[PDB]
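Asker: File name run-v4.cif; file contents mmCIF, C-alpha atoms and all ligand atoms; full text below.
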data_start
#
loop_
_atom_site.label_atom_id
_atom_site.label_comp_id
_atom_site.auth_asym_id
_atom_site.auth_seq_id
_atom_site.Cartn_x
_atom_site.Cartn_y
_atom_site.Cartn_z
CA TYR F 1332 84.79 137.34 52.47
CA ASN F 1333 85.22 138.99 48.96
CA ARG F 1334 82.34 137.05 47.49
CA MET F 1335 79.06 138.12 46.02
CA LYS F 1336 76.12 135.70 46.32
CA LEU F 1337 73.99 135.33 43.19
CA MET F 1338 71.28 133.38 41.37
CA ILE F 1339 70.48 132.90 37.66
CA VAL F 1340 67.23 133.48 35.83
CA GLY F 1341 67.46 131.68 32.45
CA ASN F 1342 67.06 128.16 31.01
CA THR F 1343 68.86 125.60 28.96
CA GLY F 1344 69.93 126.97 25.61
CA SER F 1345 70.51 130.59 26.71
CA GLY F 1346 74.31 130.32 26.82
CA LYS F 1347 75.43 130.97 30.36
CA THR F 1348 78.13 128.27 30.36
CA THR F 1349 79.09 129.40 26.91
CA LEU F 1350 79.92 132.82 28.42
CA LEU F 1351 81.47 131.38 31.55
CA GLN F 1352 83.99 129.10 29.88
CA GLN F 1353 85.52 132.25 28.30
CA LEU F 1354 85.44 134.15 31.61
CA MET F 1355 86.35 131.36 34.04
CA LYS F 1356 88.70 130.15 31.30
CA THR F 1357 91.33 127.38 31.19
CA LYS F 1358 94.09 125.96 28.89
CA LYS F 1359 94.48 124.19 25.50
CA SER F 1360 92.66 120.89 24.79
CA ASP F 1361 90.44 121.28 27.85
CA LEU F 1362 87.28 123.35 27.20
CA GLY F 1363 85.06 122.22 24.31
CA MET F 1364 81.47 122.11 23.02
CA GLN F 1365 78.62 123.32 25.19
CA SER F 1366 75.44 121.52 26.32
CA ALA F 1367 72.73 122.22 28.90
CA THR F 1368 70.57 120.67 31.64
CA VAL F 1369 68.71 121.15 34.91
CA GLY F 1370 69.94 120.60 38.48
CA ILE F 1371 71.55 122.65 41.26
CA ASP F 1372 75.21 123.83 41.15
CA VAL F 1373 77.36 126.97 41.75
CA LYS F 1374 80.34 128.76 40.15
CA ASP F 1375 83.12 130.97 41.59
CA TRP F 1376 84.53 133.64 39.21
CA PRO F 1377 87.00 136.59 39.89
CA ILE F 1378 86.14 140.11 38.82
CA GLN F 1379 88.90 142.54 37.72
CA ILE F 1380 87.72 145.42 39.95
CA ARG F 1381 90.56 147.91 40.55
CA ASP F 1382 93.47 149.13 38.49
CA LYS F 1383 95.79 148.44 41.45
CA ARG F 1384 93.84 145.40 42.75
CA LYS F 1385 91.96 143.81 39.90
CA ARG F 1386 91.71 140.37 41.44
CA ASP F 1387 89.90 141.35 44.65
CA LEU F 1388 86.18 140.50 44.04
CA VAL F 1389 84.56 137.14 43.14
CA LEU F 1390 81.04 136.19 41.93
CA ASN F 1391 79.43 132.98 43.25
CA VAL F 1392 76.26 132.27 41.33
CA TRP F 1393 73.80 129.44 41.70
CA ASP F 1394 73.23 127.61 38.46
CA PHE F 1395 69.92 126.07 37.55
CA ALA F 1396 67.61 126.00 34.57
CA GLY F 1397 64.29 127.89 34.68
CA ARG F 1398 62.18 124.76 34.92
CA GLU F 1399 59.69 123.48 37.54
CA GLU F 1400 62.58 121.35 38.83
CA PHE F 1401 64.03 124.43 40.52
CA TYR F 1402 61.14 126.91 40.25
CA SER F 1403 59.08 124.98 42.80
CA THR F 1404 61.85 125.56 45.40
CA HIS F 1405 63.09 128.91 43.97
CA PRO F 1406 60.92 131.09 46.38
CA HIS F 1407 62.96 129.72 49.32
CA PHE F 1408 66.31 130.89 47.94
CA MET F 1409 65.06 134.46 47.68
CA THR F 1410 66.78 137.29 49.48
CA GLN F 1411 68.11 140.85 49.15
CA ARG F 1412 71.44 139.23 49.98
CA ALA F 1413 71.63 137.72 46.51
CA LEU F 1414 72.33 139.57 43.29
CA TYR F 1415 70.77 138.36 40.13
CA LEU F 1416 71.88 137.60 36.64
CA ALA F 1417 69.60 137.10 33.67
CA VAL F 1418 70.83 135.15 30.67
CA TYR F 1419 69.02 134.85 27.30
CA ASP F 1420 70.37 134.96 23.74
CA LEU F 1421 69.59 137.63 21.10
CA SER F 1422 66.67 135.80 19.55
CA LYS F 1423 65.26 134.95 22.99
CA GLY F 1424 65.79 138.60 23.92
CA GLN F 1425 62.53 139.28 22.09
CA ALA F 1426 60.98 135.80 21.80
CA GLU F 1427 61.53 134.15 25.22
CA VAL F 1428 63.26 136.58 27.61
CA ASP F 1429 59.73 137.02 29.20
CA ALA F 1430 60.03 133.49 30.54
CA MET F 1431 61.72 134.78 33.70
CA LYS F 1432 58.83 137.01 34.79
CA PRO F 1433 57.53 134.36 37.37
CA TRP F 1434 61.11 134.15 38.71
CA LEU F 1435 61.62 137.90 38.85
CA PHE F 1436 58.46 138.16 40.84
CA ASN F 1437 59.67 135.63 43.45
CA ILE F 1438 62.67 137.86 43.84
CA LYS F 1439 60.37 140.90 44.03
CA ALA F 1440 58.23 139.16 46.66
CA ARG F 1441 61.17 139.24 49.07
CA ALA F 1442 63.21 142.17 47.76
CA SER F 1443 63.51 143.98 44.42
CA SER F 1444 66.23 146.21 45.90
CA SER F 1445 69.03 143.91 44.76
CA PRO F 1446 70.05 144.39 41.09
CA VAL F 1447 69.48 142.19 38.13
CA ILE F 1448 71.39 142.60 34.85
CA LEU F 1449 70.43 141.01 31.55
CA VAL F 1450 72.94 139.70 29.07
CA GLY F 1451 72.04 138.79 25.55
CA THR F 1452 74.31 135.90 24.73
CA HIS F 1453 75.08 134.53 21.36
CA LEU F 1454 75.02 138.02 19.91
CA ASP F 1455 75.59 136.57 16.42
CA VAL F 1456 72.40 134.45 16.64
CA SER F 1457 70.53 137.57 15.51
CA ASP F 1458 71.00 140.36 12.98
CA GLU F 1459 71.07 144.07 13.82
CA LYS F 1460 67.34 144.44 13.28
CA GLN F 1461 66.54 141.45 15.47
CA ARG F 1462 69.04 142.47 18.07
CA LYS F 1463 67.34 145.86 18.20
CA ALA F 1464 63.95 144.09 18.17
CA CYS F 1465 65.01 142.42 21.38
CA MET F 1466 66.53 145.50 22.99
CA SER F 1467 63.66 147.82 22.01
CA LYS F 1468 61.05 145.56 23.58
CA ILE F 1469 62.96 144.61 26.72
CA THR F 1470 63.74 148.13 27.67
CA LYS F 1471 60.11 149.23 27.38
CA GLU F 1472 58.43 146.84 29.87
CA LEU F 1473 60.95 147.28 32.63
CA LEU F 1474 59.20 149.28 35.36
CA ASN F 1475 55.81 148.71 36.99
CA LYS F 1476 53.07 149.38 39.62
CA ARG F 1477 53.59 146.23 41.62
CA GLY F 1478 57.19 147.06 42.61
CA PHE F 1479 59.36 145.46 39.98
CA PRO F 1480 62.15 148.01 39.08
CA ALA F 1481 63.86 148.41 35.81
CA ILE F 1482 66.88 146.24 35.04
CA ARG F 1483 70.01 147.97 36.14
CA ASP F 1484 71.78 147.33 32.86
CA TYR F 1485 72.12 145.09 29.82
CA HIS F 1486 74.81 143.81 27.48
CA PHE F 1487 75.18 141.75 24.27
CA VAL F 1488 77.89 139.05 23.88
CA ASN F 1489 79.72 136.73 21.46
CA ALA F 1490 80.58 134.02 24.00
CA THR F 1491 82.29 130.93 22.39
CA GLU F 1492 85.88 132.19 21.99
CA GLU F 1493 88.15 134.82 23.51
CA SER F 1494 85.97 137.95 23.28
CA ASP F 1495 85.93 141.70 23.88
CA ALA F 1496 82.21 141.44 24.46
CA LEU F 1497 83.01 139.35 27.53
CA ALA F 1498 85.46 142.05 28.50
CA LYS F 1499 82.52 144.46 28.29
CA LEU F 1500 80.44 141.98 30.29
CA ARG F 1501 83.12 142.06 32.93
CA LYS F 1502 83.22 145.87 32.88
CA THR F 1503 79.46 145.86 33.56
CA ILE F 1504 79.98 143.43 36.46
CA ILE F 1505 82.80 145.53 37.84
CA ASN F 1506 80.62 148.54 38.05
CA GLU F 1507 77.46 146.96 39.43
CA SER F 1508 79.24 144.62 41.88
CA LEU F 1509 81.19 147.64 43.17
CA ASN F 1510 78.46 150.28 43.18
CA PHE F 1511 75.79 148.10 44.77
CA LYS F 1512 75.59 147.74 48.52
CA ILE F 1513 72.79 146.50 50.77
CA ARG F 1514 72.44 149.52 53.04
CA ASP F 1515 75.86 150.78 54.04
CA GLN F 1516 77.00 147.18 54.19
CA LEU F 1517 80.43 146.19 55.14
CA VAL F 1518 82.01 145.47 51.85
CA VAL F 1519 81.71 141.73 51.66
CA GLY F 1520 85.53 141.69 51.30
CA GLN F 1521 86.11 142.75 54.92
CA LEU F 1522 87.04 141.33 58.32
CA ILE F 1523 83.77 139.70 59.01
CA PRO F 1524 84.09 136.83 61.55
CA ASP F 1525 81.74 134.44 59.59
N1 LIG J 1601 77.55 127.73 19.35
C1 LIG J 1601 76.84 128.43 20.27
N2 LIG J 1601 76.10 127.76 21.20
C2 LIG J 1601 75.35 128.47 22.18
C3 LIG J 1601 75.58 129.89 22.34
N3 LIG J 1601 74.72 130.32 23.30
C4 LIG J 1601 73.98 129.32 23.69
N4 LIG J 1601 74.36 128.14 23.10
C5 LIG J 1601 74.01 126.77 23.60
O1 LIG J 1601 73.18 126.77 24.81
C6 LIG J 1601 73.54 125.67 25.70
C7 LIG J 1601 73.92 126.28 27.09
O2 LIG J 1601 72.79 126.43 28.02
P1 LIG J 1601 72.86 127.10 29.52
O3 LIG J 1601 72.47 128.53 29.35
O4 LIG J 1601 74.40 127.13 29.96
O5 LIG J 1601 71.87 126.38 30.53
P2 LIG J 1601 72.04 125.74 31.97
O6 LIG J 1601 72.46 124.19 31.82
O7 LIG J 1601 70.62 125.82 32.72
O8 LIG J 1601 73.05 126.48 32.74
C8 LIG J 1601 74.72 124.93 24.99
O9 LIG J 1601 74.35 123.77 24.22
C9 LIG J 1601 75.29 126.01 24.05
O10 LIG J 1601 75.95 125.50 22.89
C10 LIG J 1601 76.59 130.51 21.45
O11 LIG J 1601 77.15 131.57 21.73
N5 LIG J 1601 76.87 129.85 20.24
#
Show this structure as structure tokens.
Answerer:
Amino acid sequence: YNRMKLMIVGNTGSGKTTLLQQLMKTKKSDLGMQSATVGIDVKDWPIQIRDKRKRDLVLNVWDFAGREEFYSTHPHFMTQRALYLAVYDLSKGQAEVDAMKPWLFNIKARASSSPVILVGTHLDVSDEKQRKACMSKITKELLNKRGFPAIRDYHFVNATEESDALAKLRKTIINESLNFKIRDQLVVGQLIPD
């Protein structure tokens, strides 16, 4: 079972599908313009982990928008068994990123031991000063008294076309999805009889 279980903290307009279509990418005259909504779904995406076996690990993340539509049930999907992704753009990185605190705390309430990584999508939405304005605020409020740890990492991406920033996104995923284990867990990709 070479699959990682995950959940997203973000909302419509951040750009998660924008990133994904250039990760979990297809052919010509298929993928197009992006939109957003709220409901419950999930997406399966391979991670290029090893130089001799790149195709061996896959992410499976639950997709929903950070609205009361999911938030009211969100506390019941919480577990150390899930890894978390956070997706905001580079304007939101300063202005709205903050929106996930009530979600992060539901995660915390069960386990804050599992990592969360924040990606700043739509890098080009903001200028260098604003991008730094986001970064320089986010990375200062990360750790606290009540048990919420600092984010494990962060990355900024231009997501609408083929992109090296997505390659960097992937590199980040490769490391965290490889380095993180829940106790000395059997690697999920092992002979585990369901
Ligand atoms: N052109 C452009 N659109 C973006 C970008 N990032 C975010 N958006 C928009 O944000 C929306 C995607 O929202 P999403 O994060 O996937 O929310 P979800 O429906 O809850 O998963 C789409 O309308 C995208 O066009 C970007 O890189 N540039």
Asker: Check which residues fall inside 6 Å of ligand LIG 1601 (chain J) when counting all atoms listed in the file, and print them as a list in words.
Answerer: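 The residues near ligand LIG 1601 (chain J) are residues 1342, 1343, 1344, 1345, 1346, 1347, 1348, 1349, 1365, 1366, 1367, 1368, 1369, 1394, 1395, 1396, 1452, 1453, 1489, 1490 and 1491 of chain F.
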Asker: To one decimal place in Å, what is the distance between atom CA of residue 1338 of chain F and atom CA of residue 1405 of chain F?
Answerer: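 That distance, rounded to one decimal, is 9.7 Å.
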Asker: Would you mind telling me which residue in F:1414, F:1380, F:1481, F:1354 lies nearest to residue 1513 of chain F when using all atoms listed in the file?
Answerer: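 Residue with the minimum atom-to-atom distance to residue 1513 of chain F: F:1414.
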Asker: When distances are computed from only C-alpha atoms, which of F:1411, F:1464, F:1480, F:1426 shows the smallest separation from residue 1514 of chain F?
Answerer: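 Counting only C-alpha atoms, the residue closest to residue 1514 of chain F is F:1411.
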Asker: Build an axis-aligned box that encloses every atom of segment 1469-1481 of chain F listed in the file, pad it by 3 Å on each side, and report its centre and edge lengths in Å to one decimal, as lines of an AutoDock Vina configuration file.
Answerer:
center_x = 58.5
center_y = 147.0
center_z = 34.7
size_x = 16.8
size_y = 10.8
size_z = 21.9
Asker: So, with only C-alpha atoms as the atoms that count, which of F:1425, F:1441, F:1517, F:1505 lies closest to residue 1381 of chain F?
Answerer: F:1505
